[PDB]
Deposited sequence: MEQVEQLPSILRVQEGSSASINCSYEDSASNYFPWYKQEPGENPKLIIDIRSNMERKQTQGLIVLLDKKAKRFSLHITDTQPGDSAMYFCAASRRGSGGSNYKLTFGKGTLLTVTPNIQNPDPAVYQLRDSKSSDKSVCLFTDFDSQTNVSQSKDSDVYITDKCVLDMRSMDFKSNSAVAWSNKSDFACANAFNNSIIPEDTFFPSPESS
């Protein structure tokens, strides 16, 4: 048994659907669970399907099995930050014997904010404690914007952040840049 799970990385905007597709080798497999692993936590079974079933649905999730093609999938409708996690599909035979559970390599699903009226802009912020230690903040850009990354061992630019999966409000995109030269203006930074 070998299980192929695609895509490895799935970035999706809140309100849109997400789909993960898996395939298996062993036609004796008859049990196909899905595990969700919240950031920093453990895998937990969230839904499954068996070879007697074609489609099941609950709580905006759809699981499909096409036993003839040895394909199966998970669809999350109306994604929200609470859905950001690592997902694993698996294939097993099952039922007074135990049969191997074989996992896919995983899908890292990141749900991004839906920015209706973007207003991209760059700000300078000062340390609460010290001096002009400073950072640049790029914010209010939409989730389809890509963030350039540095090019120089003296300027640090983060990737864009990921929403806290328990965030309910004030969901915006941002990235930060900082230097230590300065000798470095924020208008340049991004």
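Residues of the deposited sequence lacking C-alpha coordinates, counted from 1, fall in the stretches 1, 97-98, 194-210.
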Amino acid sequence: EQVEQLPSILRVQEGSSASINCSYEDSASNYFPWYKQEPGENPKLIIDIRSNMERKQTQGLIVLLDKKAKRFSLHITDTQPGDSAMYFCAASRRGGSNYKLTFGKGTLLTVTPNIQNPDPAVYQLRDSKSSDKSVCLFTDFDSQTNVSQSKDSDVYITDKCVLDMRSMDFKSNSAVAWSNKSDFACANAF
From here on, numbers count along this sequence of modelled residues.
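Taking the PDB entry as given, 145-153 carries the higher mean Cα B factor of the two stretches 145-153 and 122-130. The stretch 156-164 shows the higher mean C-alpha B-factor when 29-37 is compared against 156-164 in the entry. Residues shown: 17, 182, 21, 174. Highest C-alpha temperature factor in the entry: 182. Residue-level temperature factors show residue 75 in the lowest third of its chain, judged at the C-alpha atom. For residue 95, the recorded CA temperature factor ranks within the highest third of the chain's modelled residues. Ranked against the other modelled residues of its chain, the C-alpha B-factor of residue 69 as given in the entry falls in the highest third.
The entry lists a Cα temperature factor for residue 136 that places it in the highest third of the chain's modelled residues. When all modelled residues of the chain are sorted by CA temperature factor, residue 110 is found within the lowest third.
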